[PDB]
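Chain letters run A, B, ... following the sequence lines, proteins first, then strands; residues in each count from 1.
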Number of protein chains: 4
Amino acid sequence: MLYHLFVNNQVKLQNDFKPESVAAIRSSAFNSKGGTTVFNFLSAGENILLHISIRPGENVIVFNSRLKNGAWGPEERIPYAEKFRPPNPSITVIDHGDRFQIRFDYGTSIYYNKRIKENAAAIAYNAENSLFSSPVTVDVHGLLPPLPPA
Amino acid sequence: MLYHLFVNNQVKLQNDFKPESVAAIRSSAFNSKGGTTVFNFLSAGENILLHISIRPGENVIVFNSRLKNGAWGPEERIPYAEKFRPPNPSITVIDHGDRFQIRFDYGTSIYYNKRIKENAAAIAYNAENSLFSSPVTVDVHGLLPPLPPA
Amino acid sequence: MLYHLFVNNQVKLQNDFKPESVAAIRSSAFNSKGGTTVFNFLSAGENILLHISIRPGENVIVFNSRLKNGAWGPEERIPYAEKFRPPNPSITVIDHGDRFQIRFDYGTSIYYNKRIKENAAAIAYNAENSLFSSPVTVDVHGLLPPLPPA
Amino acid sequence: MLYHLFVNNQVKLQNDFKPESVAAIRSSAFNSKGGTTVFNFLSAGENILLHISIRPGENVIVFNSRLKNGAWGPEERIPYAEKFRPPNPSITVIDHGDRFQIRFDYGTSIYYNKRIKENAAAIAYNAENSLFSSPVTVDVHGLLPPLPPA
Ligand SMILES: CC(=O)N[C@@H]1[C@@H](O)[C@H](O[C@@H]2O[C@H](CO)[C@H](O)[C@H](O)[C@H]2O[C@@H]2O[C@@H](C)[C@@H](O)[C@@H](O)[C@@H]2O)[C@@H](CO)O[C@H]1O
Ligand SMILES: CC(=O)N[C@@H]1[C@@H](O)[C@H](O[C@@H]2O[C@H](CO)[C@H](O)[C@H](O)[C@H]2O[C@@H]2O[C@@H](C)[C@@H](O)[C@@H](O)[C@@H]2O)[C@@H](CO)O[C@H]1O
Ligand SMILES: CC(=O)N[C@@H]1[C@@H](O)[C@H](O[C@@H]2O[C@H](CO)[C@H](O)[C@H](O)[C@H]2O[C@@H]2O[C@@H](C)[C@@H](O)[C@@H](O)[C@@H]2O)[C@@H](CO)O[C@H]1O
Ligand SMILES: CC(=O)N[C@@H]1[C@@H](O)[C@H](O[C@@H]2O[C@H](CO)[C@H](O)[C@H](O)[C@H]2O[C@@H]2O[C@@H](C)[C@@H](O)[C@@H](O)[C@@H]2O)[C@@H](CO)O[C@H]1O
């Protein structure tokens, strides 16, 4: 299923993002002078199941979670540098049941153990000065699709 | 290369759409009550190399061409019905050198002999009440990419 | 539909190879010092709808057609000039209704106007010293599948 | 990278099968009355990093590991219960660093925690009466490739 997720907005998923689900987020642009950009996978109750804070100025990408009116837990970080590929950078998130796998353009995957046992009903996108385009293209799969030879 | 083509607007291609090029246009929605929707492949000089007029009310899809200040030539038509697949209908255009191949979700391809020997520098999207989303996602390939088993 | 086509053998297609059909042939190797290698798309009646003779020595690729017990028609040749990318070279054939499109790893697409109005029911592979592996992996589609962004 | 893995044989990988690596195994047939079929991911030192024993009779799939001249470790089994889609069944194995992900045509992904900290250098295929074709088509990726919208 294809969605167009606009900045400082979100998209309500047709079906819940759950185990086996794959979300391929792709930007039509890369604004090198952009600021902190965030993507949140939210449950129906608006709990932040997966928070991805891309911070170029801090050279880090922070992952976390928290209930709608709860507090962030410990942060999980990785260097920002050498992760995205202009002019069409991408973010791929896969739900492996007990944890999410996040993959950017380069480098190894990031694995984030789930902290809230719920499926995502929406994906939000927030940024004052986004690093990516608005909207960003999002393809959500119920399961990993057949793969091309390359 | 990924582009976000908004309705009643266009996208300037990074490189020209020419022989071997493949443009995959995908909508995030299908507005059954939408009207006539158009996609034009334009040259640098703004000549309409390939005009695709999707007319639900007339139950037809019209293909044509014309110079920037020229006249349409003869029309090439196909029934509108059973061509698109909601909620993510698509249009795939392939430049075969001497003609374009246009493929929708269902049915056989449409072949349109080129009438203007030029490459496209832009793709335009026009509609009063579009049948598709705004923007529509557009992936342009320099050549047919590797194919998945299905 | 996946088939394993062995050298000096053939594979019977579960479905007619006809307009919109795509055959993605892939080899697990490239035998540098290989000799003339042939791929034929045959009708159920064993007419050779599309003959592809890749000749390293003569440095040409000959395309032709012929009825079961008939003689070869006029040849349509092009220079061989390094069309394959080792170690996994590919040959993709697409049925466009009035003609076939043949794409290798390099060079431009080759177009061959159909000479016999029949669909292919089998693909044959012949060679004394094949340029490719035995068997070759063959994925046949009834229509062009959705494409990855790259 | 494409390989043709023959039954009761193996294929030496041009590159280490390691974190981020994906092995897409595809069969050109499904032998209904086939017997126990095995696929092993081996280290260059011939340690069995991941053993996959598909047993129709016992109706289970056993996953295990073992050093070259060592004994099998504790078994991790699941019911076989119709995991393959004829006539072209598939097995996809992904290296996630601390564990392997194995996906069949049906059922959920199977996760197997790594028991040996080595990368795979070869994939073996064993069976007296294989459930699948010989050889099986194997596409190995260094990283998950861009995905088609479907
Ligand atoms: C190393 C460390 O622990 N630094 C902490 C920052 O990462 C925290 O920032 C907040 O982090 C959460 C995720 O854990 C989320 O990304 C918040 O949006 C983020 O807060 C924003 O960004 C900060 C840099 C501040 O400008 C803040 O005002 C913003 O609202 C902060 C706050 O929890 O604590 C640091 O110790
Ligand atoms: C069967 C036939 O020939 N009908 C003709 C219409 O198809 C023409 O419409 C115009 O067609 C061109 C492509 O050839 C292009 O799609 C134009 O946008 C389209 O004109 C618009 O749509 C028409 C239905 C009218 O409402 C017109 O005012 C719009 O501007 C017309 C006009 O060339 O002629 C018919 O004969
Ligand atoms: C310059 C020229 O026209 N050369 C002709 C060859 O191309 C012909 O070869 C045959 O070509 C058909 C397709 O047209 C098919 O590829 C046959 O396998 C091929 O014949 C074989 O290869 C030849 C090189 C000879 O060794 C022949 O004995 C084999 O049977 C030939 C024959 O039609 O004529 C040439 O003039
Ligand atoms: C209930 C139980 O634990 N069953 C055990 C079998 O699963 C074992 O079979 C061997 O299992 C390993 C992986 O753990 C591998 O699949 C071996 O090929 C397999 O041994 C073969 O198949 C068996 C069914 C026997 O026919 C045996 O002779 C073969 O060599 C066996 C042996 O470890 O123990 C069972 O208890």
Side-chain angles (χ1 to χ4, degrees), chain A residues 1 13-24 41 43-44 49-50 92-103 109-121 139-147, chain B residues 148-150, chain D residues 17 19-27 30 36-41 49-56 58-65 74-86 88-115 131-132 136 138-139 141 144-145 147-148 150:
Chain A
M1 182 66 84
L13 303 178
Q14 292 292 72
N15 301 150
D16 282 4
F17 190 79
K18 59 196 176 308
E20 305 299 333
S21 293
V22 177
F41 278 66
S43 63
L49 311 176
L50 181 63
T92 302
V93 173
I94 301 177
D95 186 330
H96 291 290
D98 56 3
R99 69 184 186 184
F100 294 102
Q101 174 194 355
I102 307 77
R103 264 205 66 66
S109 297
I110 291 71
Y111 295 87
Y112 184 84
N113 289 163
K114 291 185 175 183
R115 300 179 185 179
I116 302 173
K117 54 255 298 183
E118 289 186 299
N119 298 316
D139 283 284
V140 181
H141 306 259
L143 80 175
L144 233 210
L147 309 176
Chain D
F17 190 74
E20 302 306 316
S21 288
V22 179
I25 304 173
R26 297 186 298 124
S27 173
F30 179 60
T36 294
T37 307
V38 169
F39 282 105
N40 292 313
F41 284 71
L49 310 178
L50 177 60
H51 172 73
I52 304 175
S53 179
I54 303 159
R55 312 177 186 177
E58 203 181 330
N59 192 18
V60 303
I61 294 177
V62 186
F63 300 87
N64 213 335
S65 300
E75 304 191 322
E76 283 182 52
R77 14 172 91 209
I78 58 173
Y80 168 52
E82 247 177 281
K83 293 287 201 292
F84 309 100
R85 173 195 289 94
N88 294 164
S90 69
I91 300 175
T92 301
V93 178
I94 302 178
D95 189 325
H96 287 288
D98 53 8
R99 68 186 190 183
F100 291 110
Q101 165 180 18
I102 305 82
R103 268 289 313 187
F104 299 108
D105 296 303
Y106 302 112
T108 68
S109 284
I110 290 66
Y111 296 91
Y112 183 85
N113 293 333
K114 291 190 170 184
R115 295 182 188 175
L131 237 26
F132 313 114
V136 286
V138 191
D139 282 294
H141 310 259
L144 193 71
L147 313 169

Is it the case that the side chains of D:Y80 and D:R55 hold a donor-acceptor pair, with the cut-off being a distance below 3.5 Å and no angle test?
no
Show the numbers, then the answer: is there a side-chain contact (heavy atoms from CB on, under 4.5 Å) between D:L49 and D:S65?
CA-CA 5 Å; D:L49 310 178; D:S65 300; 5.7 Å; no
When you check the gap from the basic side-chain N to the acidic O, do A:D98 and A:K117 get nearer than 4.0 Å?
no
Is any side-chain heavy atom of D:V60 closer than 4.5 Å to a side-chain heavy atom of D:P79?
no
Counting C-beta onward and ignoring hydrogens, is there a side-chain heavy-atom pair between D:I52 and D:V93 closer than 4.5 Å?
yes
Tell me, do D:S53 and D:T36 make a side-chain contact under 4.5 Å, heavy atoms counted?
yes
Closest non-hydrogen atom pair, D:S90 against D:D105
OG-OD1, 2.7 Å
A side-chain contact here means heavy atoms from C-beta on lying under 4.5 Å apart; do D:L144 and A:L147 qualify?
yes
Got a sec, which residues hit side-chain hydrogen bond (donor to acceptor under 3.5 Å, both in side chains) with D:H51, two or more places apart in sequence or on another chain?
D:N40
Is a donor from one side chain sitting under 3.5 angstrom from an acceptor on the other, for D:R77 and D:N64?
no
A:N119: side-chain hydrogen bond (donor to acceptor under 3.5 Å, both in side chains) partners, not counting sequence neighbours
none
Is there a side-chain contact between D:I94 and D:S21 in this structure, where contact means two heavy atoms from C-beta onward sitting under 4.5 Å apart?
no
Students often mix this up, so state it plainly: with edges at 30° and 60°, are the rings of D:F104 and D:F84 parallel, tilted or perpendicular?
perpendicular
Could you go through D:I78 and D:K83, starting from their C-alpha distance and side-chain angles, then the distance that decides it, and tell me whether this counts as side-chain contact (heavy atoms from CB on, under 4.5 Å)?
CA-CA 11 Å; D:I78 58 173; D:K83 293 287 201 292; 4.1 Å; yes
Using a 3.5 Å distance criterion without hydrogens, assess whether the side chain of D:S109 forms a donor-acceptor pair with backbone atoms of D:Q101.
no
Under 6.0 Å from the six-membered ring centre of A:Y112 and within 45° of its axis: does the NZ or CZ of A:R99 meet both?
no
With sequence neighbours excluded, what pairs up with A:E20 under the salt bridge (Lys or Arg N to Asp or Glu O under 4.0 Å) test?
D:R103
Heavy-atom side-chain proximity of A:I102 to A:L50 below 4.5 angstrom:
yes
Main-chain N/O of A:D95 paired with A:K18 side-chain donor or acceptor, under 3.5 Å:
no
Between CZ of D:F63 and CZ of D:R115, what distance do you get to the nearest 0.5 Å?
11.5 Å
D:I54 side chain reached by D:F132 side chain, heavy atoms, under 4.5 Å
yes
Would you indicate whether D:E58, at its atom CD, is surrounded by more than 12 heavy atoms from other residues, nucleotides or ligands within a distance under 6.0 Å?
yes
Heavy atoms, side chains only, cut-off 4.5 Å: are A:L13 and A:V140 in contact?
yes
Show the nearest heavy-atom pair for residues A:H141 and D:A150, with the distance to one decimal.
CE1-N, 4.1 Å
Correct closest heavy-atom pair for B:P148 and A:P146 would be CB-O, 3.6 Å
Do the two ring centres, one from D:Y111 and one from D:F100, sit under 6.0 Å apart?
no
Looking only at non-hydrogen atoms, find the nearest pair between D:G97 and D:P19 and report the distance.
CA-CG, 3.8 Å
